[PDB]
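**Student:** this one's a deposited entry, sequence included:
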Amino acid sequence: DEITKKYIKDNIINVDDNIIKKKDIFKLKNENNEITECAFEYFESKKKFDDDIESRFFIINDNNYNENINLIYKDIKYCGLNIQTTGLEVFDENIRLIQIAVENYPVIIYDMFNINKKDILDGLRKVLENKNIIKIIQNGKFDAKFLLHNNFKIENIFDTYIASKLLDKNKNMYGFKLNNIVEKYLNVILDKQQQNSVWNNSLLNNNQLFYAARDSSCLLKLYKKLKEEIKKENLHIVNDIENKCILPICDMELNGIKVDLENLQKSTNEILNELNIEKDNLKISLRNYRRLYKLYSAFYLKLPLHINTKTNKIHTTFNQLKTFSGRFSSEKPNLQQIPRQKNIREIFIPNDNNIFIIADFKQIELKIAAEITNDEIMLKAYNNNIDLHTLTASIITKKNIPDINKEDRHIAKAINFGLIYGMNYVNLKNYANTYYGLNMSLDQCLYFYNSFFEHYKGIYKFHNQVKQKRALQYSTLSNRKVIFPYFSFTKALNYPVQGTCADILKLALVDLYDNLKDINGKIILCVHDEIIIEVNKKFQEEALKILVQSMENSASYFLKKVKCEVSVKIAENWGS
Ligand SMILES: [Cl-]
Ligand SMILES: [Cl-]
Ligand SMILES: [Cl-]
Ligand code: NA
């Protein structure tokens, strides 16, 4: 009517007589401080908002497209970026809106359901691609994923969700949605009710648009506050790595990993025949039937649920900041819960004309411990390329390296992993006999304990410092920080080691993502201390080097007294 359909030409529904269209003249500045003016039609709320968040907006469609709007983008350095989608899955859903909030201007809202001329998005694509303009985003992985899948290029991101998560230091598992973050840092309550509104129509009501404008311009004010808190916490280095790691993570999720259905259904029939063999031949046997039962039901039966029927690809979900240590986690499916047996990981293959390159660190955790504790014997041994287990064997047995046998090294393995991570000699005994099948005595493990820390004086001093301080706040070599709810000696030792691994892998993915562009390399997976890339077979030897140096250079960034070792192989399946 005169009210509801008043702005139907702009594809807007006036739901409550609370929207006016206005036309004013806006000043436009460039790099040379020159001011040129333009007249723009924008929308505003009749009832003013009880805050200072920019709530006006331009809407861009085919009927009103004013090219001069792109002049707002001239010589800017940051902008709030948000999108509205019709759902959560980038493959099944569409981008309904794109919002860009430039400081001191009403938000520019691209009505994507009512745009069909490519010229309208030109100035948009430039802002996104411009590596010298910061795009402030909330949930950058989610938004970047949609933009990438819709053939939008983007670079330079500051994720307010990553900053808030890092500042929380794993003290809370909830409170990181836009609504929470804005209420905390700005004391403004956004109309979160609009998330459940209908975005699939070619028309939107005024309330949906005021929300799409305010949920994008608020990013400008969150960036200033969060940027300052990051700096005060000395979290810039980690926050920067995490922000740059968004794109490699999107790359992994968008590429997925191809599944060989032949071996899948085959192995399903095989383990199934072994299970039926158990039932028939029975009704050793228990452990066998149970193993095959979990293998079949918990894996062979669940996995097909995630296979893209049209591409035989799995598109897992990588969580950037949901583990205690900062390591990646995955879900739907959880890649680290997939069995390690070569019988099962052989099912994952590269695309045609491509091949996998798989790389691992050998002993990154133990080398990190040596650097953190600054233990002279360990650092010198690593630098002379002496094996750490052989080393400890020579200390325990007092033998020289030529007289050290395999049983000596096996015992030393248990001592190293047990004592480096904070066990006492009693726990060492149980740990050794349980996981290594050694049957050592308390008097022996007591000798191991005293001998270990008598020679590894750096570790002994570091461990004693941790016990005495009983501190709750710990940091990694990237200065990623955590605060414990209560003091645990073994967790205090483990966090800087595991958290530094996270830093190294995440920085390796960032360098790798840049180094692979020349050969259109694809980042596939990151689990534990390994990364998998997929490349055309002709760039095989070139990608082998890129992956190794991306991981070596990352470790070199954090470790100054010890050199990492990368084991790398070229494979046609994940089971190799
Ligand atoms: Cl600090
Ligand atoms: Cl930063
Ligand atoms: Cl290593
Ligand atoms: Na967002």
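**Tutor:** Arrived safely. Residues are numbered from 1 along each chain as shown. Ligands and ions are numbered 1, 2, ... in the order given.
**Student:** how many residues are close by the one residue in the stretch 251-400 of the chain that gets nearest to ligand 2?
**Tutor:** Using C-beta to the ion, residue 321 is the residue of the stretch 251-400 of the chain that sits closest to ligand 2, at 14.6 Å. All C-beta atoms are positioned from the backbone trio N, CA, C, and that covers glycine. When counting by other C-beta atoms under 10 Å, one arrives at 20 neighbours for residue 321.
**Student:** just confirm it contacts residue 166, I think it does.
**Tutor:** Yes: at 7.2 Å, residue 321 counts as touching residue 166 under the criterion of C-beta atoms under 8 Å.
**Student:** who touches both of these two?
**Tutor:** residue 242 (C-beta atoms under 8 Å, 6 or more residues apart in numbering).
**Student:** residue 120 versus the nearest residue to residue 466 once chain neighbours are set aside, what's the distance?
**Tutor:** Setting aside the residues directly before and after it, residue 466 is nearest to residue 492 in space (C-beta to C-beta, 6 or more residues apart in numbering), at 5.2 Å. Between residue 492 and residue 120 the distance is 55 Å, computed by C-beta to C-beta, to the nearest Å.
**Student:** just residue 335 next, same as before
**Tutor:** Counting by C-beta to C-beta, the gap from residue 335 to residue 120 is 40 Å.
**Student:** neighbour count: the two, which is higher?
**Tutor:** Legend: neighbour count by other C-beta under 10 Å for residue 335 and residue 120, higher for residue 335 (22 against 19).
**Student:** give me phi/psi at the more buried one?
**Tutor:** Dihedral angles of residue 335 (phi, psi; degrees, to the nearest 10) stand at phi -70, psi -30.
**Student:** thought it was touching residue 316?
**Tutor:** Yes: taking contacts as C-beta under 8 Å, residue 335 lies within contact range of residue 316: 5.7 Å.
**Student:** please give the element, helix or strand, for the residue nearest to residue 466.
**Tutor:** helix 489-515 (DSSP states H and E).
**Student:** quick one: name whatever helix or strand follows that helix.
**Tutor:** That would be, after helix 489-515 and using DSSP H and E, strand 522-527.
**Student:** contacting residues around that next one?
**Tutor:** 248, 251-252, 255, 257, 318, 328, 330, 335-336, 354, 356, 505, 509, 512-513, 516, 531-535, 574.
**Student:** and stretch 191-201, by the same measure?
**Tutor:** For stretch 191-201, using C-beta under 8 Å, 6+ apart, the contacting residues are 84-86, 94, 96-97, 113, 179, 205, 207-208, 210-212, 214.
**Student:** for that stretch, C-alpha coordinates in CSV please.
**Tutor:** Output in CSV follows, covering the C-alpha atoms of stretch 191-201 (Å, rounded to 0.1, in the frame of the first residue of the first chain):
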residue,chain,number,x,y,z
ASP,A,191,18.2,-7.4,16.9
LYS,A,192,19.3,-11.0,16.8
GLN,A,193,15.7,-12.0,16.1
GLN,A,194,16.4,-11.2,12.4
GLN,A,195,18.7,-14.2,12.0
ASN,A,196,15.5,-16.4,11.9
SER,A,197,13.8,-14.1,9.4
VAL,A,198,13.2,-15.1,5.7
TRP,A,199,16.2,-14.2,3.6
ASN,A,200,15.3,-16.3,0.5
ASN,A,201,12.7,-13.8,-0.8
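**Student:** say whether ligand 4 is contacted by it.
**Tutor:** No: Stretch 191-201 lies out of reach of ligand 4 by C-beta under 5 Å from the ion, never closer than 11.1 Å.
**Student:** burial of the residue nearest to residue 466, as a residue count?
**Tutor:** 21.
**Student:** one step back: max pairwise distance over the contacts of stretch 191-201: which two?
**Tutor:** 113 and 179 (25.1 Å; C-beta to C-beta).
**Student:** more neighbours, those two?
**Tutor:** Applying other C-beta under 10 Å to residue 113 and residue 179 shows that residue 113 carries more neighbours, namely 18 against 15.
**Student:** which residue sits closest to that one, ignoring its sequence neighbours?
**Tutor:** residue 202 (4.7 Å).
**Student:** quick revisit: which members of the contacts of strand 522-527 occur in strands, if any?
**Tutor:** Cross-referencing those against strands under DSSP state E gives 257, 318, 330, 354, 356, 531, 532, 533, 534, 535.
**Student:** closest one of the residues you listed to residue 146?
**Tutor:** residue 318 (15.9 Å).
**Student:** right, and that closest one touches residue 253 too?
**Tutor:** Yes: the pair residue 318 / residue 253 is scored as a contact, 6.1 Å apart, by C-beta under 8 Å.
**Student:** contacting residues around stretch 31-42?
**Tutor:** Counting by C-beta under 8 Å, 6+ apart, 21-30, 56-58, 64, 66, 68-69, 71, 74-75, 106 sit against stretch 31-42.
**Student:** for it, which positions count as buried?
**Tutor:** 40, 42 (16 or more other C-beta atoms under 10 Å).
**Student:** got it, and stretch 454-474?
**Tutor:** 455, 456, 458, 459, 460, 462, 463, 466, 474.
**Student:** could you do stretch 369-376 as well?
**Tutor:** Going by 16+ other C-beta under 10 Å, stretch 369-376 has these buried residues: 369, 370, 371, 372, 373, 375.
**Student:** show me those residues that map onto helices.
**Tutor:** 369, 370, 371, 372, 373 (DSSP state H).
**Student:** so which of those residues are also by ligand 4?
**Tutor:** Of those, not one also sits near ligand 4 (C-beta under 5 Å from the ion).
**Student:** okay if I get those residues as CSV plus distance to ligand 3?
**Tutor:** Output for these, formatted as CSV (distance: C-beta to the ion, whole Å):
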residue, distance to ligand 3
369, 12
370, 11
371, 11
372, 15
373, 16
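**Student:** where do the helices of the stretch 251-400 of the chain begin and end?
**Tutor:** 261-282, 285-293, 342-345, 364-373, 376-383, 388-397 (DSSP state H, counting those that start in this stretch).
**Student:** okay if I get these as CSV plus distance to residue 138?
**Tutor:** As requested, the helices of the stretch 251-400 of the chain are exported to CSV (distance: least, C-beta to C-beta, whole Å):
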stretch, distance to residue 138
helix 261-282, 38
helix 285-293, 44
helix 342-345, 36
helix 364-373, 33
helix 376-383, 43
helix 388-397, 44
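**Student:** dump the residue contacts of the residue in the stretch 1-150 of the chain that ligand 2 sits nearest to.
**Tutor:** In the stretch 1-150 of the chain, the residue found nearest to ligand 2 is residue 134; the distance is 9.6 Å by C-beta to the ion. By C-beta under 8 Å, 6+ apart, the contact list for residue 134 reads 77, 78, 79, 156, 157, 158, 223.
**Student:** from those, which two are the most distant?
**Tutor:** 77 and 157 (14.0 Å).
**Student:** which of the two has more residues huddled nearby?
**Tutor:** residue 157 (21 against 9).
**Student:** find the nearest non-adjacent residue to residue 491, please.
**Tutor:** Per C-beta to C-beta, 6+ apart, closest to residue 491 is residue 484, 6.9 Å.
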